[PDB]
There are 6 protein chains.
Amino acid sequence: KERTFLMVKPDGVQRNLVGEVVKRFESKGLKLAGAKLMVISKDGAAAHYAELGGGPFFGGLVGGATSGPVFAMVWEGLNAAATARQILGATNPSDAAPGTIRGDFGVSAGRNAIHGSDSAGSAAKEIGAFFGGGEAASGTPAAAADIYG
Amino acid sequence: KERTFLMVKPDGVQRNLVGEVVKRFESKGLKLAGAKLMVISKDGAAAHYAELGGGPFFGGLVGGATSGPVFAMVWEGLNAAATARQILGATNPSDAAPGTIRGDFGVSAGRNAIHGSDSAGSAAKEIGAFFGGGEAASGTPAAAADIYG
Amino acid sequence: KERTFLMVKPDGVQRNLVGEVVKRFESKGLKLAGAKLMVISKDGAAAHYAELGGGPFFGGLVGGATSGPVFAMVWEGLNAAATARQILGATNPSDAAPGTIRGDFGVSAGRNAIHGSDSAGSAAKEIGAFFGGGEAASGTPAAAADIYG
Amino acid sequence: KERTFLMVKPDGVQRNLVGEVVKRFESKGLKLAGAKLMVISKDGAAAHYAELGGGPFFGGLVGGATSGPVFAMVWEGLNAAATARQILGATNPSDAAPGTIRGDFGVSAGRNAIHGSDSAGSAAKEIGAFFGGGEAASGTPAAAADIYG
Amino acid sequence: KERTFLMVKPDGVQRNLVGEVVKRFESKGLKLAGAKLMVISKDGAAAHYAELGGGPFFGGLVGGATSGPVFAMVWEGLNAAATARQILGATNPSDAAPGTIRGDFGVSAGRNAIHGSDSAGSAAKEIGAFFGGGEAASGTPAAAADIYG
Amino acid sequence: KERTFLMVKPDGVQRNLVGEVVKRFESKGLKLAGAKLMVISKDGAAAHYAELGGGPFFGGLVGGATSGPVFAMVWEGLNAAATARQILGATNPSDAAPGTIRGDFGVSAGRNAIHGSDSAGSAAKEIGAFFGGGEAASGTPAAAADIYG
């Protein structure tokens, strides 16, 4: 059903947390509709982080995402985006509820393992910028009935 | 260093084993140079499974990979391909050493979670068919020194 | 000490979460006094879900529990029932604290992995309906001293 | 399909390994057709361990199983029994392949976490003695197609 | 950076939770600057628990820590102490957020797996009493850059 | 019972594998009689690696252990040393059975997570060099009866 864009920032990829962060959502019910390693290459960054470019963080923020790769993803299911952030954790890892990808694998707001949509609109603008339309498989997960109803 | 192509067959994707199977190699040292959900779409299959197309299995084998998506990947490091198959497990999951992706998550030779190169040549022909050349990030993993020397 | 009835609804059994959901309480301290796979068989349902039978959910709720099996259990220890629900999670999995059997393995209020008593009375009426009196082992766990005092 | 009897000896129940040992087979594909906590109560022992009652071990062997409870189970699937012992591990835990329930959770041949059939006949005589015929659910696991074919 | 004293009380050591409790902080980013098994030996206790010695708990509290060993540790990083207690969990395990060392491995306020500083001062007085000054390695963790910035 | 010296080489400490590597033996039955972070400081190295100092590896081998810290340990139980190496894994991680600390967390013979005695004599000479005699707790693990007999 509803889709959501969420990727693993350079740090997590480097901290070998790719697998777990993917898995967390698999064993949750969220469905992986597309995912790859497309780097930010600066240009892709500035736009994505376009909001508040005048803020000092940009200088040191756009520096980060652009270093190592970025495993980008798109996940399905009802309330996929709503629930994602809940388990993604609070933005600040040193303030994020223990049990989340952040409160379990993150000690700094600078580079906190993953990233994920803050609304369906932000979701419907992130998928596009990073993915496309064909890179996404429209596979029906053989196990989805034992989740919704 | 050496690269290797290895993907999660439709079954594992469906059995929610995407994360673990990725993670296994992260916590091993293997480096994820590119990865996405590009389906087999028949044509991509027949070629990949080209070997022994005259064998009856093809009828029922090419049927499998083509159902659900396929998380394809390319991994780095020394002896990446050599070691991969070792931990990938024996082909038959009901005969594969307990500790592997197969002997831990597989009961049938038909659909056994993942797939992975059987030699550097087979590796240097699988990467190409499924990936390309640009989809691969040439990121230097900040943690590779604590592995090799 | 205090006992509590808590089972894994059809969904979790089907979602292969039997082991983890059992284990969660083992590594917590709760003691497994009896457990099996006794299906609801409709009659057993209607009574258990007797409360608010006039509510529309019953139509579609009693349909659920009755499909696949149900691993029923009874757990011991002080505050067993009080603490259980806390770690069982909120009723709604898309609203349940990340770290629980629900917020980690559930995306719908319809079928949320497990079920567990809401009070000592409800506990002292669920055990009976599903278990009996002899199916329960009165074993003294050799490791209980390192928990209470 | 084929069924198999396998229980967790008193030790494992006490060592809180109930959950994991159950889970191992869930994430493998084996299907839990019935399971409870029926103690050995001596009589049930002597018969089960009937073979080589004249051997000194019986004195100290029948003493063991009869202490704490015993989570008995019956598992399904093709080659269920054949494969089970493989992942159950070698009889001697201080000689059992690392990755198994024994080589991971056992240091003595005396009490090694679990027990499991040594042949289909031994399987078709253990189920009966410990279970019955009605305690077993004939549920069709909604996820079995993504395993066999 | 900032250091913090936190040990595993006798119970956890006995409950085999040493590894996990250590690991939790490793995969968090906290750095292990020194750690061993120095028992409380009464004298070391009374001082550490000096606060409220007139309270009845002391009788039964100092009895506890002094039984089995105690894996003491000192951890590094920014907000190490601040964040530690958050993931250490609430003092009462039957009231501590599920995801913590306490809410996951503890059912009694008496003996709750681990112990950890309640302020930088309390941290700068616990390290000393249990460690020294030379037992601490001043190693620079080759992976710290992918955490802070 | 029998004791054994086994530490985590600089690499593993750096690769955040301290916890797991400790835990592996806890959930096995091995008892932690003492453990800390005492660095090799060259002198401690040369002696320990004294054997084959004339071999070229020494140049580049003694360089390794001396970089980051080293969590040294001493473990108890029957066949502690015999069984340890089995689960420690083969010396070469790219040849070590999948399920071990090496075959799961190691890709190079140079730096392979941990180290552990090759005989009771080598065990009775490693403990001494790294530990002492007082740093070891003679605690009786409250859970040892459910293992041996």
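Atoms considered below: every heavy atom in the structure, side chains included; atoms not considered: hydrogens, waters and symmetry mates. Throughout, a chain's letter reflects where its sequence line sits, starting with A, and its residues are numbered from 1.
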Segment of C:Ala33 engaging chain D (4.5 angstrom heavy-atom cut-off): backbone
Max heavy-atom pairs within cutoff under 4.5 Å with chain D, candidates C:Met38, C:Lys23, C:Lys36, C:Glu26, goes to C:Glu26
Report which part of C:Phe71 has an atom under 4.5 Å of a heavy atom belonging to chain D: side chain, backbone, both, or neither. side chain
Where is the tightest heavy-atom contact between C:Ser117 and C:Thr4, given as atom of each residue plus distance? OG-OG1, 3.9 Å
Flag this pair as yes if the NZ/CZ of D:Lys31 is under 6.0 angstrom from the six-membered ring centre of D:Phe25 and inside a 45 degree cone about the axis; otherwise no. no
Under 4.5 Å from any heavy atom of chain D, what part of C:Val39 do you find: side chain, backbone, both or neither? side chain
Classify the ring geometry between C:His48 and C:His115 as parallel (under 30°), tilted (30 to 60°) or perpendicular (over 60°). perpendicular
Pairs meeting criterion ring pair (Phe, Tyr, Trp, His ring centres under 6.0 Å) with involvement of residues 85-108 of chain D, two or more places apart: none
